[PDB]
file target.cif (mmCIF, C-alpha atoms)
data_run
loop_
_atom_site.label_atom_id
_atom_site.label_comp_id
_atom_site.auth_asym_id
_atom_site.auth_seq_id
_atom_site.Cartn_x
_atom_site.Cartn_y
_atom_site.Cartn_z
CA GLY L 1 116.31 38.01 -16.04
CA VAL L 2 120.08 37.84 -15.74
CA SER L 3 122.79 37.19 -18.36
CA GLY L 4 126.52 37.88 -18.84
CA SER L 5 127.60 41.51 -18.54
CA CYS L 6 129.41 41.46 -21.89
CA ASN L 7 125.95 41.25 -23.53
CA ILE L 8 124.39 44.25 -25.19
CA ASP L 9 120.79 45.44 -24.66
CA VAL L 10 118.86 45.81 -27.94
CA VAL L 11 117.90 49.41 -27.08
CA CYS L 12 121.63 50.37 -27.06
CA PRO L 13 123.12 52.10 -30.16
CA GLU L 14 124.21 48.68 -31.53
CA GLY L 15 120.55 48.10 -32.34
CA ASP L 16 120.33 51.14 -34.68
CA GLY L 17 119.60 50.07 -38.20
CA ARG L 18 118.26 46.69 -36.88
CA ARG L 19 114.99 47.92 -35.21
CA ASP L 20 112.91 45.78 -37.62
CA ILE L 21 114.66 42.40 -37.01
CA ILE L 22 114.80 42.99 -33.23
CA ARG L 23 110.97 42.72 -33.39
CA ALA L 24 111.08 39.24 -35.00
CA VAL L 25 112.61 37.59 -31.96
CA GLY L 26 110.74 36.04 -29.01
CA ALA L 27 111.60 34.08 -25.85
CA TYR L 28 109.51 30.96 -25.00
CA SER L 29 108.66 28.45 -22.37
CA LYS L 30 108.28 24.65 -22.82
CA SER L 31 105.87 22.94 -20.41
CA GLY L 32 105.80 26.17 -18.40
CA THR L 33 109.54 26.65 -17.92
CA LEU L 34 111.57 29.27 -19.86
CA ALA L 35 113.65 27.37 -22.39
CA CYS L 36 114.91 28.87 -25.67
CA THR L 37 114.63 31.58 -28.26
CA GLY L 38 113.01 31.59 -31.67
CA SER L 39 112.02 34.15 -34.33
CA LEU L 40 109.54 34.88 -37.05
CA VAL L 41 110.43 34.36 -40.75
CA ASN L 42 108.76 35.65 -43.89
CA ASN L 43 107.75 33.30 -46.72
CA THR L 44 107.38 33.95 -50.46
CA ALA L 45 103.60 34.41 -50.21
CA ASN L 46 104.19 37.41 -47.88
CA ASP L 47 101.11 36.44 -45.87
CA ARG L 48 102.22 36.84 -42.24
CA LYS L 49 101.87 33.19 -41.47
CA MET L 50 103.24 32.73 -37.91
CA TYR L 51 106.26 30.65 -38.87
CA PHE L 52 108.57 30.59 -35.87
CA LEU L 53 112.03 29.10 -36.34
CA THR L 54 113.92 27.64 -33.41
CA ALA L 55 116.40 24.83 -32.65
CA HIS L 56 115.50 21.12 -32.77
CA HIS L 57 117.48 20.45 -29.56
CA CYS L 58 115.04 22.67 -27.65
CA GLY L 59 112.53 19.80 -27.99
CA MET L 60 109.54 21.57 -29.52
CA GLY L 61 109.40 19.38 -32.62
CA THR L 62 106.58 17.11 -31.26
CA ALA L 63 102.80 17.85 -31.26
CA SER L 64 102.60 17.74 -27.48
CA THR L 65 105.55 19.98 -26.72
CA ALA L 66 104.70 22.39 -29.45
CA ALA L 67 101.16 22.71 -28.01
CA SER L 68 102.65 23.79 -24.69
CA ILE L 69 104.61 26.79 -25.93
CA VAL L 70 104.18 30.32 -24.55
CA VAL L 71 105.99 33.02 -26.53
CA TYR L 72 106.99 36.33 -24.80
CA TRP L 73 107.39 39.24 -27.23
CA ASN L 74 109.21 42.54 -26.62
CA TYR L 75 110.96 41.26 -23.50
CA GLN L 76 113.98 43.61 -23.20
CA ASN L 77 115.59 46.13 -20.83
CA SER L 78 113.94 49.57 -20.94
CA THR L 79 117.26 51.40 -21.00
CA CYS L 80 120.67 50.63 -22.44
CA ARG L 81 122.93 49.20 -19.70
CA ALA L 82 126.62 49.78 -20.58
CA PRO L 83 128.13 46.48 -21.80
CA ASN L 84 130.97 45.02 -19.69
CA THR L 85 129.78 46.90 -16.58
CA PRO L 86 128.01 45.34 -13.61
CA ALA L 87 124.76 47.05 -14.62
CA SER L 88 124.57 44.86 -17.73
CA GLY L 89 125.05 41.69 -15.60
CA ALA L 90 122.21 42.74 -13.21
CA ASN L 91 118.59 41.54 -13.21
CA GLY L 92 116.82 43.51 -15.92
CA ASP L 93 113.48 45.30 -15.99
CA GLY L 94 111.80 43.74 -19.06
CA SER L 95 108.10 43.03 -19.10
CA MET L 96 106.83 39.50 -19.95
CA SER L 97 103.16 40.44 -20.51
CA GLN L 98 102.88 40.41 -24.33
CA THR L 99 102.37 36.70 -24.92
CA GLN L 100 100.65 34.10 -27.08
CA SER L 101 100.23 30.38 -26.44
CA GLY L 102 100.22 27.22 -28.56
CA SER L 103 101.70 26.07 -31.81
CA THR L 104 101.90 23.19 -34.22
CA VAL L 105 105.05 21.65 -35.78
CA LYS L 106 105.55 22.16 -39.52
CA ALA L 107 109.01 20.48 -39.68
CA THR L 108 111.95 19.46 -37.52
CA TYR L 109 115.34 17.95 -38.40
CA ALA L 110 118.21 17.03 -36.12
CA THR L 111 121.22 17.42 -38.48
CA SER L 112 120.92 21.14 -39.13
CA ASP L 113 119.09 21.35 -35.72
CA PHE L 114 116.02 23.27 -36.86
CA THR L 115 112.35 23.24 -35.91
CA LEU L 116 109.79 25.31 -37.74
CA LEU L 117 106.60 25.90 -35.70
CA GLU L 118 103.47 27.70 -36.77
CA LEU L 119 102.03 29.68 -33.78
CA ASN L 120 98.28 29.22 -33.28
CA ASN L 121 97.25 32.89 -33.05
CA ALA L 122 97.59 35.41 -35.84
CA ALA L 123 99.77 38.43 -35.13
CA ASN L 124 98.33 40.85 -32.54
CA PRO L 125 98.91 44.34 -34.01
CA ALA L 126 99.63 45.59 -30.55
CA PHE L 127 102.82 43.49 -30.53
CA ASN L 128 104.27 45.18 -33.61
CA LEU L 129 105.95 41.99 -34.90
CA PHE L 130 108.29 41.66 -37.87
CA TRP L 131 108.79 38.55 -40.10
CA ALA L 132 112.45 38.49 -41.21
CA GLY L 133 113.79 37.64 -44.65
CA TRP L 134 116.16 34.65 -45.12
CA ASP L 135 119.05 33.76 -47.51
CA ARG L 136 119.57 30.15 -48.49
CA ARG L 137 122.62 30.65 -50.74
CA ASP L 138 125.68 28.43 -50.24
CA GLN L 139 128.18 31.09 -49.20
CA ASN L 140 129.93 32.80 -46.32
CA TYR L 141 129.46 36.36 -45.10
CA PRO L 142 131.85 39.12 -43.88
CA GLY L 143 130.06 39.45 -40.51
CA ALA L 144 126.66 38.55 -38.94
CA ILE L 145 124.16 39.79 -36.34
CA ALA L 146 122.66 37.68 -33.51
CA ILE L 147 119.45 38.72 -31.70
CA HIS L 148 118.78 36.42 -28.72
CA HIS L 149 117.57 35.87 -25.18
CA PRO L 150 120.63 34.63 -23.22
CA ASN L 151 119.55 32.64 -20.14
CA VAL L 152 116.05 33.34 -21.60
CA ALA L 153 116.52 36.89 -20.16
CA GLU L 154 116.04 40.35 -21.72
CA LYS L 155 116.76 40.47 -25.49
CA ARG L 156 120.39 41.16 -26.51
CA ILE L 157 122.29 41.82 -29.73
CA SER L 158 125.73 40.39 -30.50
CA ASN L 159 127.77 41.53 -33.52
CA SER L 160 130.30 39.56 -35.54
CA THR L 161 132.64 41.56 -37.76
CA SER L 162 134.69 38.50 -38.87
CA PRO L 163 133.95 36.25 -41.83
CA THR L 164 131.78 33.23 -41.14
CA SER L 165 133.00 29.71 -41.99
CA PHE L 166 131.41 26.27 -42.55
CA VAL L 167 131.78 23.52 -39.93
CA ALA L 168 130.06 20.35 -38.74
CA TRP L 169 128.45 20.65 -35.28
CA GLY L 170 131.35 20.42 -32.81
CA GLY L 171 133.66 22.38 -35.14
CA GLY L 172 134.97 19.55 -37.31
CA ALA L 173 135.11 19.58 -41.07
CA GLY L 174 131.57 19.79 -42.44
CA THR L 175 129.03 22.08 -44.01
CA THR L 176 125.85 21.87 -41.88
CA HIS L 177 126.74 24.75 -39.51
CA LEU L 178 128.00 28.32 -39.77
CA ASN L 179 130.81 29.17 -37.31
CA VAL L 180 130.51 32.76 -36.04
CA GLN L 181 133.42 34.55 -34.28
CA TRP L 182 132.36 37.13 -31.70
CA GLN L 183 134.24 40.43 -31.04
CA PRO L 184 136.93 40.12 -28.29
CA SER L 185 134.98 42.21 -25.80
CA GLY L 186 131.57 42.03 -27.58
CA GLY L 187 128.38 40.13 -26.80
CA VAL L 188 128.27 36.33 -27.08
CA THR L 189 125.47 33.77 -26.57
CA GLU L 190 124.52 31.72 -23.53
CA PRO L 191 122.25 28.74 -22.71
CA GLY L 192 118.68 29.80 -23.56
CA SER L 193 119.93 31.74 -26.64
CA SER L 194 119.58 28.33 -28.41
CA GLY L 195 117.27 28.64 -31.44
CA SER L 196 117.97 32.35 -31.91
CA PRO L 197 118.64 33.56 -35.45
CA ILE L 198 121.88 34.65 -37.05
CA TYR L 199 121.37 37.28 -39.72
CA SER L 200 123.60 38.37 -42.56
CA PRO L 201 124.67 42.03 -42.70
CA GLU L 202 121.65 42.47 -44.94
CA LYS L 203 119.38 41.34 -42.10
CA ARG L 204 118.33 37.91 -43.55
CA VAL L 205 118.24 34.75 -41.47
CA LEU L 206 121.07 32.32 -42.29
CA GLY L 207 120.57 29.77 -39.45
CA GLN L 208 119.64 29.39 -35.78
CA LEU L 209 121.80 28.80 -32.77
CA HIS L 210 122.96 25.30 -31.97
CA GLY L 211 125.55 26.21 -29.32
CA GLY L 212 129.34 26.52 -28.97
CA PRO L 213 132.16 27.40 -26.57
CA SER L 214 131.43 31.10 -26.12
CA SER L 215 131.02 32.94 -22.87
CA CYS L 216 131.82 36.49 -21.76
CA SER L 217 135.20 35.25 -20.45
CA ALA L 218 136.08 33.17 -23.54
CA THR L 219 139.14 34.15 -25.56
CA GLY L 220 140.41 33.66 -29.03
CA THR L 221 138.56 31.18 -31.22
CA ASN L 222 136.60 29.77 -28.24
CA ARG L 223 134.62 33.09 -28.32
CA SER L 224 132.44 31.67 -31.03
CA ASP L 225 129.22 29.72 -31.75
CA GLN L 226 127.74 27.41 -34.42
CA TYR L 227 124.39 27.88 -36.18
CA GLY L 228 122.55 25.13 -38.15
CA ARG L 229 122.32 26.50 -41.67
CA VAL L 230 119.17 27.46 -43.60
CA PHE L 231 121.04 26.19 -46.71
CA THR L 232 121.14 22.70 -45.13
CA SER L 233 117.63 22.94 -43.62
CA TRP L 234 116.19 23.96 -47.02
CA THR L 235 116.42 20.35 -48.31
CA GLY L 236 116.66 19.02 -44.75
CA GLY L 237 115.62 15.40 -44.26
CA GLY L 238 114.10 14.88 -47.68
CA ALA L 239 110.37 15.55 -47.05
CA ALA L 240 108.13 18.44 -46.00
CA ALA L 241 108.13 17.38 -42.33
CA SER L 242 111.91 17.69 -42.14
CA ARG L 243 112.81 20.70 -44.36
CA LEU L 244 112.05 24.38 -44.87
CA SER L 245 111.36 24.69 -48.56
CA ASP L 246 107.65 23.72 -48.68
CA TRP L 247 106.80 26.25 -45.96
CA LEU L 248 109.07 29.19 -46.81
CA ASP L 249 108.55 29.08 -50.60
CA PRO L 250 105.00 27.71 -50.83
CA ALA L 251 104.49 29.73 -54.07
CA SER L 252 107.45 27.80 -55.54
CA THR L 253 108.98 31.06 -56.83
CA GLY L 254 112.55 29.69 -56.70
CA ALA L 255 113.73 32.63 -54.49
CA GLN L 256 117.31 32.30 -53.18
CA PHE L 257 116.70 35.04 -50.62
CA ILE L 258 113.86 37.35 -49.61
CA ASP L 259 113.45 40.49 -47.48
CA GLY L 260 111.31 40.92 -44.35
CA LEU L 261 107.67 41.99 -43.91
CA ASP L 262 106.43 44.42 -41.23
CA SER L 263 103.15 44.28 -39.19
#
call {"tool": "encode", "arguments": {"input": "target.cif", "output": "structure tokens"}}
result
Amino acid sequence: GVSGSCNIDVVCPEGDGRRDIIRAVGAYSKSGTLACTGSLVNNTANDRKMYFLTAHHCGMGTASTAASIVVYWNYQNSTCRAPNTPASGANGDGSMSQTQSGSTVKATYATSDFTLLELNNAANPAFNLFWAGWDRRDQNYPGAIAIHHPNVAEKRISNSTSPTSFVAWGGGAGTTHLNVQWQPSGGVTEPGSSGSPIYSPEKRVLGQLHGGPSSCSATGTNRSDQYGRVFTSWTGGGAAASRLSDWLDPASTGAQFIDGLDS
């Protein structure tokens, strides 16, 4: 696929130290057409349930649309294309043949923009998936890591080395979203990246992409994006079908954060 040349291939050196969480992320189609990103999350039972977090605005939070999903795992360029060079902006060589179809909706909620799906098929060991940890604490972080499929193309990594802040969707005063400031010549996010995770420096999911003003040509504070927060989604709409808690901490352990689980 094709995306902005400022984006960074996951196989580049920026992916070192993150080779586990890169494997939690997948691209997917809705009703046959490539649409958004989502990723696997661990739960306190550590049982590999196929909980796949994505964005509510992608439209998968209904039985019918959820049933139509096709996930594409390991879809990424085979070689690191130098960022900010025409090679990075060129059609990539990723393979789309490691796939699984079908899911059911566990919860969806418009305010923090999340949808939690459960994929129908258990993890195929050949895919070497990873279920990432999460952190539901009410705080900010000194930086963050995005793993995404911009334009639903080959997987990319974007780094933030600036503190996060709290905003309402659209950037106003509020606490439902995390505002993430991209590096001035670093990777950003693009349409199709929607639903992709943001991780803390410790590699735990903090939210999923809602959208924002970023682009490879954006400058200053416009080179940013907003993620619906796991803290907000945790209590969500007030019932199991609109929040994360029942699914992510089924064992009712009271965990504020957990680490990932490998395949």
call {"tool": "atom_distance", "arguments": {"input": "target.cif", "atom1": "atom CA of residue L:70", "atom2": "atom CA of residue L:229"}}
result
25.2 Å
call {"tool": "resolve_selection", "arguments": {"input": "target.cif", "expression": "the PyMOL selection byres ((chain L and resi 195-205) around 7)", "output": "list in words"}}
result
residues 36, 37, 38, 39, 54, 55, 132, 133, 134, 135, 141, 143, 144, 145, 146, 147, 148, 193, 194, 206, 207, 208, 209, 210 and 259 of chain L
call {"tool": "residues_around", "arguments": {"input": "target.cif", "residues": "residue L:248", "least_positions_apart": "4", "cutoff": "10 Å", "atoms": "all atoms listed in the file", "output": "PyMOL selection string"}}
result
chain L and resi 41-46+49+51+116+133-134+234+243-244+252+255+258
call {"tool": "atom_distance", "arguments": {"input": "target.cif", "atom1": "atom CA of residue L:1", "atom2": "atom CA of residue L:68"}}
result
21.5 Å
call {"tool": "residues_around", "arguments": {"input": "target.cif", "residues": "residue L:128", "least_positions_apart": "5", "cutoff": "10 Å", "atoms": "only C-alpha atoms", "output": "PyMOL selection string"}}
result
chain L and resi 20+23-24+73-74+123+262-263
call {"tool": "residues_around", "arguments": {"input": "target.cif", "residues": "residue L:97", "least_positions_apart": "5", "cutoff": "12 Å", "atoms": "all atoms listed in the file", "output": "list in words"}}
result
residues 27, 70, 71, 72, 73, 74, 75, 76, 126 and 127 of chain L
call {"tool": "resolve_selection", "arguments": {"input": "target.cif", "expression": "the PyMOL selection byres ((chain L and resi 166-173) around 10)", "output": "list in words"}}
result
residues 111, 112, 113, 138, 139, 140, 164, 165, 174, 175, 176, 177, 178, 179, 180, 210, 211, 212, 213, 225, 226, 227, 228 and 229 of chain L
call {"tool": "resolve_selection", "arguments": {"input": "target.cif", "expression": "the PyMOL selection byres ((chain L and resi 90) around 9)", "output": "ChimeraX atom specification"}}
result
/L:1-5,86-89,91-92
call {"tool": "closest_residue", "arguments": {"input": "target.cif", "among": "L:106, L:100, L:246, L:149", "to": "residue L:122", "atoms": "all atoms listed in the file"}}
result
L:100
call {"tool": "atom_distance", "arguments": {"input": "target.cif", "atom1": "atom CA of residue L:107", "atom2": "atom CA of residue L:61"}}
result
7.2 Å
call {"tool": "axis_aligned_box", "arguments": {"input": "target.cif", "around": "stretch 197-203 of chain L", "padding_each_side": "8 Å", "output": "AutoDock Vina command-line options"}}
result
--center_x 121.7 --center_y 38.0 --center_z -40.2 --size_x 22.0 --size_y 24.9 --size_z 25.5
call {"tool": "closest_residue", "arguments": {"input": "target.cif", "among": "L:233, L:84, L:101, L:214", "to": "residue L:150", "atoms": "only C-alpha atoms"}}
result
L:214
call {"tool": "residues_near_point", "arguments": {"input": "target.cif", "point": "(104.2, 22.1, -17.5)", "cutoff": "12 Å", "atoms": "all atoms listed in the file", "output": "VMD selection string"}}
result
chain L and resid 29 to 35 64 to 70
call {"tool": "closest_residue", "arguments": {"input": "target.cif", "among": "L:222, L:85, L:151, L:99", "to": "residue L:183", "atoms": "only C-alpha atoms"}}
result
L:222
call {"tool": "closest_residue", "arguments": {"input": "target.cif", "among": "L:109, L:159, L:216, L:50", "to": "residue L:230", "atoms": "all atoms listed in the file"}}
result
L:109
call {"tool": "decode", "arguments": {"input": "target.cif", "residues": "stretch 18-38 of chain L", "atoms": "N, CA and C atoms", "output": "JSON list (two decimals), in the first residue's frame"}}
result
[["chain", "number", "residue", "atom", "x", "y", "z"],
["L", 18, "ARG", "N", 10.75, -2.93, 20.58],
["L", 18, "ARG", "CA", 9.26, -2.98, 20.47],
["L", 18, "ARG", "C", 8.85, -4.19, 19.60],
["L", 19, "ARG", "N", 9.66, -5.19, 19.40],
["L", 19, "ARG", "CA", 9.33, -6.29, 18.46],
["L", 19, "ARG", "C", 8.19, -7.17, 18.92],
["L", 20, "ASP", "N", 7.83, -7.05, 20.22],
["L", 20, "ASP", "CA", 6.68, -7.80, 20.78],
["L", 20, "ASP", "C", 5.42, -7.02, 20.41],
["L", 21, "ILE", "N", 5.26, -5.75, 20.77],
["L", 21, "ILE", "CA", 4.04, -5.01, 20.50],
["L", 21, "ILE", "C", 3.79, -4.82, 19.03],
["L", 22, "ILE", "N", 4.83, -4.78, 18.16],
["L", 22, "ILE", "CA", 4.57, -4.69, 16.73],
["L", 22, "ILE", "C", 3.66, -5.90, 16.31],
["L", 23, "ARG", "N", 3.83, -7.03, 16.93],
["L", 23, "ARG", "CA", 3.07, -8.23, 16.57],
["L", 23, "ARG", "C", 1.64, -8.26, 17.14],
["L", 24, "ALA", "N", 1.22, -7.21, 17.84],
["L", 24, "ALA", "CA", -0.15, -7.17, 18.36],
["L", 24, "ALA", "C", -1.08, -6.46, 17.37],
["L", 25, "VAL", "N", -0.48, -5.78, 16.41],
["L", 25, "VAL", "CA", -1.27, -4.90, 15.55],
["L", 25, "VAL", "C", -1.73, -5.53, 14.26],
["L", 26, "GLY", "N", -2.95, -5.31, 13.84],
["L", 26, "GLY", "CA", -3.40, -5.88, 12.53],
["L", 26, "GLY", "C", -4.19, -4.82, 11.82],
["L", 27, "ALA", "N", -4.25, -4.95, 10.47],
["L", 27, "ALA", "CA", -5.04, -4.13, 9.56],
["L", 27, "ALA", "C", -6.40, -4.93, 9.32],
["L", 28, "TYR", "N", -7.46, -4.20, 8.97],
["L", 28, "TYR", "CA", -8.69, -5.02, 8.69],
["L", 28, "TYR", "C", -9.53, -4.30, 7.69],
["L", 29, "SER", "N", -10.40, -5.15, 7.05],
["L", 29, "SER", "CA", -11.39, -4.76, 6.13],
["L", 29, "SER", "C", -12.81, -4.84, 6.78],
["L", 30, "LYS", "N", -13.66, -4.01, 6.32],
["L", 30, "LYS", "CA", -15.10, -3.94, 6.74],
["L", 30, "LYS", "C", -15.89, -4.14, 5.46],
["L", 31, "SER", "N", -16.74, -5.19, 5.44],
["L", 31, "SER", "CA", -17.54, -5.43, 4.22],
["L", 31, "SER", "C", -16.65, -5.51, 2.97],
["L", 32, "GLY", "N", -15.50, -6.09, 3.10],
["L", 32, "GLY", "CA", -14.56, -6.34, 2.04],
["L", 32, "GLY", "C", -13.57, -5.24, 1.72],
["L", 33, "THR", "N", -13.78, -4.02, 2.19],
["L", 33, "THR", "CA", -12.90, -2.91, 1.87],
["L", 33, "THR", "C", -11.96, -2.55, 3.02],
["L", 34, "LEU", "N", -10.69, -2.37, 2.73],
["L", 34, "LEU", "CA", -9.72, -2.03, 3.84],
["L", 34, "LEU", "C", -10.21, -0.78, 4.57],
["L", 35, "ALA", "N", -10.18, -0.82, 5.90],
["L", 35, "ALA", "CA", -10.80, 0.29, 6.63],
["L", 35, "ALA", "C", -9.99, 0.85, 7.79],
["L", 36, "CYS", "N", -9.54, 0.05, 8.71],
["L", 36, "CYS", "CA", -8.90, 0.67, 9.93],
["L", 36, "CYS", "C", -7.89, -0.27, 10.44],
["L", 37, "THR", "N", -7.32, 0.09, 11.60],
["L", 37, "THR", "CA", -6.38, -0.72, 12.34],
["L", 37, "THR", "C", -6.95, -1.17, 13.69],
["L", 38, "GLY", "N", -6.48, -2.25, 14.23],
["L", 38, "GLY", "CA", -6.82, -2.58, 15.60],
["L", 38, "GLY", "C", -5.73, -3.35, 16.19]]
